[PDB]
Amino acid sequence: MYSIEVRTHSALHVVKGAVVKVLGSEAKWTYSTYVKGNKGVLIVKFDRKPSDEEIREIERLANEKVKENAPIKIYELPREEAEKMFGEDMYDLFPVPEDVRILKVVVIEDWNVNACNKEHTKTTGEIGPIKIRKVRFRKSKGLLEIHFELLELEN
C-alpha cells in the first residue's frame, strides 16, 4: 500500500510514455516535473498544442498501461554502462550533474526509461486511473504542460 505521492510520481513515467507514443520522438524530452498530493505536472519539450483527440489518446494510453499492471523495474547502474544500455533517452532536457556517478534508472518496458531517484511503486496497476485536467502549450519556450490527477474510485 503506497502513498498518493509515490503513486503520482510513478504516473509521471506512465504519462511520459503515453505522451511519446502519441506525439512521437519530438516529445521525448522532459523539461521538468512536479508532484503535489494526487496532482502532477509533466512538462515536455514540444512545438505545438496537441489536438483534443491526441490528448484523449494520451490519457487512454496512460490508463491502459495502468490496467496492464506492468512492473516498474529500478536498475542501479554505473553511468556509462547505463549510458549505452539505455542511451540518451534515460535523461531529461537538462542532464544530471557530473558530480553524480551512480544512476538509478527507472524503466517500464517499451514505454519509458528515466534516471530518477524518487520512490516508485512496484507495478503500474498501483498507480490507478489517471485523468488529464489541463494541457498548456507555451509557444515561446516551446514547452507542453500536461496536468493530470489520480482518481479515488475504490483505488
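Residue numbers run from 1 along the displayed sequence.
Peer 1: Would 63-71 or 92-100 have the larger average of its C-alpha temperature factors, as given in the entry?
Peer 2: On average, C-alpha B-factors are higher across 92-100.
Peer 1: Return whichever of 108-116 and 82-90 has the greater mean Cα B factor according to the PDB record.
Peer 2: Comparing 108-116 with 82-90, the higher average CA B-factor belongs to 82-90.
Peer 1: When the modelled residues of the chain are sorted by Cα temperature factor, does residue 39 land in the lowest, middle or highest third?
Peer 2: It belongs to the middle third of the chain when residues are ordered by C-alpha B-factor.
Peer 1: State the tercile, meaning the lowest, middle or highest third, of residue 32 with respect to the CA B-factors recorded for its chain.
Peer 2: It belongs to the lowest third of the chain when residues are ordered by C-alpha B-factor.
Peer 1: Per the entry's values, where does residue 123 land by CA temperature factor relative to the rest of its chain, in the lowest, middle or highest third?
Peer 2: Its C-alpha B-factor belongs to the middle third of this chain's values.
Peer 1: In terms of the chain's CA B-factor thirds, is residue 141 lowest, middle or highest?
Peer 2: Within its chain, residue 141 is a lowest-third residue by C-alpha B-factor, going by the deposited values.
Peer 1: Quick check for you: using the entry's CA B-factors within this chain, is residue 134 in the lowest, middle or highest third?
Peer 2: According to the entry, residue 134 has a C-alpha B-factor in the chain's highest third.
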